[PDB]
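Asks: Everything below, folded, please.
(chains A and B, ligands or ions: 2)
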Amino acid sequence: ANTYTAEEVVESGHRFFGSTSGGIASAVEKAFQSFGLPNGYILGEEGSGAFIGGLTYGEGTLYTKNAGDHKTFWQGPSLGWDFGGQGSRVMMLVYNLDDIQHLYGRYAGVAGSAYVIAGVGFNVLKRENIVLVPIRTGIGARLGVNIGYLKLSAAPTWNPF
Amino acid sequence: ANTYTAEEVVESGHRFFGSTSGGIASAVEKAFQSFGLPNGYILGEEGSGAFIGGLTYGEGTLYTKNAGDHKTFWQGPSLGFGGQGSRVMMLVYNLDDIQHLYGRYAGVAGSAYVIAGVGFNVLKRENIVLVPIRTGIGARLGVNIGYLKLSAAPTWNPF
Ligand SMILES: [Cl-]
Ligand SMILES: [Cl-]
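Replies: Numbering: from 1, shown residues only, chains lettered A, B, ... in the order given. Ligands and ions are numbered 1, 2, ... in the order given. What follows is the structure:
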């Protein structure tokens, strides 16, 4: 009862990405089939312009069913999908969040976890027992599956380590 | 009696890529679901070290059931590069006359598919459809390339 269903997730993504494209449902249906039901999700925006495409700074909100909601910031290497001045949107599924404070830290990518279908892509990052699945669209769908590192923080920071 | 089966292409995929990676069986399925039965496949190798990753030069063989097997070369952009180069398996759809294979192929937007270390996208020239399948780094990066020229003899010129 602390988990989200694929249907709730597909709806949040349809609304956040402004897309009814079948790729969103396909990618969500793939993440759940591989990892089960998340107990949180992050909607936010990323931009890489400050480091001219090579570092991504993101900002969004963590949504849970009974642990409240929280501003979340993140930093990582970028290929420039978010090099657009308005940045680009990302929805991350969060699995196994037991306590909000355990969310912050450094996430290591899982090799061969890239998945792309119909203009929607994700990969998998893990820290301790938390799995993180950043779902991106468009350019980010294809380029974001190359990030193997993401840091999550409670406050915005320039420092990605 | 001209098209290949999904199982046929998968076994060719396992053998050429040297992998029983389930992503091979998974990618070929999606290409067969989206596109049906191809009547050719190209096995070959790529390299972008001469243009430092700025341009790929490829070489292989197109295999058919009746038209014979024909040396094939391709040129296109690259995202980079290793010394040995990297392997590719190209599904060919709607290949009537071998001579209609050669020329410039334009990518299909949003056609990229990537699963378990395997990936393709789709490019087209007239009614022929080309699906270049790669593994590893090429699975992720190759799906960004939306141009390929196929030719009967090698050339430095990509246009
Ligand atoms: Cl976006
Ligand atoms: Cl885009």
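Asks: So which residues on chain A come close to ligand 2?
Replies: Proximity of chain A to ligand 2, by Cβ under 5 Å from the ion, involves residues A:138, A:139. Bear in mind the C-beta positions are built from the backbone N, C-alpha and C, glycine included.
Asks: Would you map the strands across chain A?
Replies: Applying DSSP state E to chain A gives strands spanning A:40-47, A:55-63, A:70-77, A:88-95, A:105-109, A:115-117, A:120-122, A:125-127, A:130-137, A:149-153.
Asks: Can you tell me which of those is most buried?
Replies: Highest mean neighbour count of the strands of chain A: strand A:120-122, a mean of 29 (counted as mean count of other Cβ atoms under 10 Å in any protein chain shown).
Asks: From the opening residue of stretch A:81-88 to its closing one, how far?
Replies: When the termini of stretch A:81-88 are compared using Cα to Cα, to the nearest Å, they are 7 Å apart.
Asks: And for the closest residue to residue A:3 other than its chain neighbours, the neighbour number?
Replies: The spatially closest residue to residue A:3, leaving aside those adjacent along the chain, is residue A:37, at 3.6 Å (Cβ to Cβ, 6 or more residues apart in numbering or on different chains). Applying other Cβ atoms under 10 Å in any protein chain shown, we find 15 residues neighbouring residue A:37.
Asks: Same question for residue A:1.
Replies: The number of residues packed near residue A:1 is 5, by other Cβ under 10 Å.
Asks: ok, it to residue A:108 distance?
Replies: Between residue A:1 and residue A:108 the computed distance is 30 Å (Cβ to Cβ, to the nearest Å).
Asks: can you check residue A:85 too?
Replies: For residue A:85, the distance to residue A:108 equals 30 Å [Cβ to Cβ].
Asks: dump the residue contacts of residue A:22.
Replies: With contacts defined as Cβ atoms under 8 Å, 6 or more residues apart in numbering or on different chains, the neighbours of residue A:22 are residue A:118.
Asks: Which of the strands of chain A sits closest to residue A:26?
Replies: For residue A:26, the closest of the strands of chain A is strand A:115-117, at 4.8 Å, according to Cβ to Cβ.
Asks: quick one: is the closest one near chain B?
Replies: Yes. Applying Cβ under 8 Å from any Cβ of the partner chain, one finds strand A:115-117 in contact with chain B at A:115, A:116, A:117.
Asks: nearest to ligand 2, of those?
Replies: When those are compared for distance to ligand 2 (Cβ to the ion), residue A:116 wins out at 13.5 Å.
Asks: what does chain A have sitting close to chain B?
Replies: A:23, A:112, A:114-119, A:121, A:141-143, A:145-146.
Asks: Let's have those residues in a markdown table, adding distance to ligand 1.
Replies: Output for the residues of chain A next to chain B, formatted as a markdown table (distance: Cβ to the ion, whole Å):
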| residue | distance to ligand 1 |
| --- | --- |
| A:23 | 13 |
| A:112 | 25 |
| A:114 | 18 |
| A:115 | 18 |
| A:116 | 15 |
| A:117 | 17 |
| A:118 | 15 |
| A:119 | 11 |
| A:121 | 12 |
| A:141 | 10 |
| A:142 | 13 |
| A:143 | 12 |
| A:145 | 15 |
| A:146 | 17 |
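Asks: Quick one: buried ones out of those?
Replies: Taking 16 or more other Cβ atoms under 10 Å in any protein chain shown as the criterion, what is buried in these is A:23, A:112, A:114-119, A:121, A:141-143, A:145-146.
Asks: Among these, name the ones in helices.
Replies: In helices, defined here by DSSP state H, the members of these are A:23, A:141, A:142, A:143.
Asks: Farthest-apart pair in the residues you listed, please.
Replies: Farthest apart among those by Cβ to Cβ are A:23 and A:143. That separation is 15.4 Å.
Asks: Would you pull up the residue in chain A closest to ligand 2?
Replies: At 2.9 Å from ligand 2, residue A:138 is the closest residue in chain A, using Cβ to the ion.
Asks: if I pick that residue, what's in contact with it?
Replies: Neighbouring residues of residue A:138 by Cβ under 8 Å, 6+ apart: A:81, A:88, A:119.
Asks: cool, residue A:158 as well?
Replies: Residues counted as contacts of residue A:158 (Cβ under 8 Å, 6+ apart) are A:57, A:75.
Asks: roughly how far apart are it and residue A:62?
Replies: With the distance defined as Cβ to Cβ, residue A:158 ends up 21 Å from residue A:62.
Asks: How about the residues of chain A by ligand 1?
Replies: Counting by Cβ under 5 Å from the ion, chain A sits next to ligand 1 at A:88, A:89.
Asks: rerun that using 6 Å as the cut-off
Replies: Counting by Cβ under 6 Å from the ion, the residues of chain A close to ligand 1 are A:88, A:89, A:137, A:138.
Asks: Those into JSON lines, with extra columns for distance to residue A:32?
Replies: Putting the residues of chain A next to ligand 1 into JSON lines (distance: Cβ to Cβ, whole Å) gives the following:
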{"residue": "A:88", "distance to residue A:32": "23"}
{"residue": "A:89", "distance to residue A:32": "20"}
{"residue": "A:137", "distance to residue A:32": "18"}
{"residue": "A:138", "distance to residue A:32": "22"}
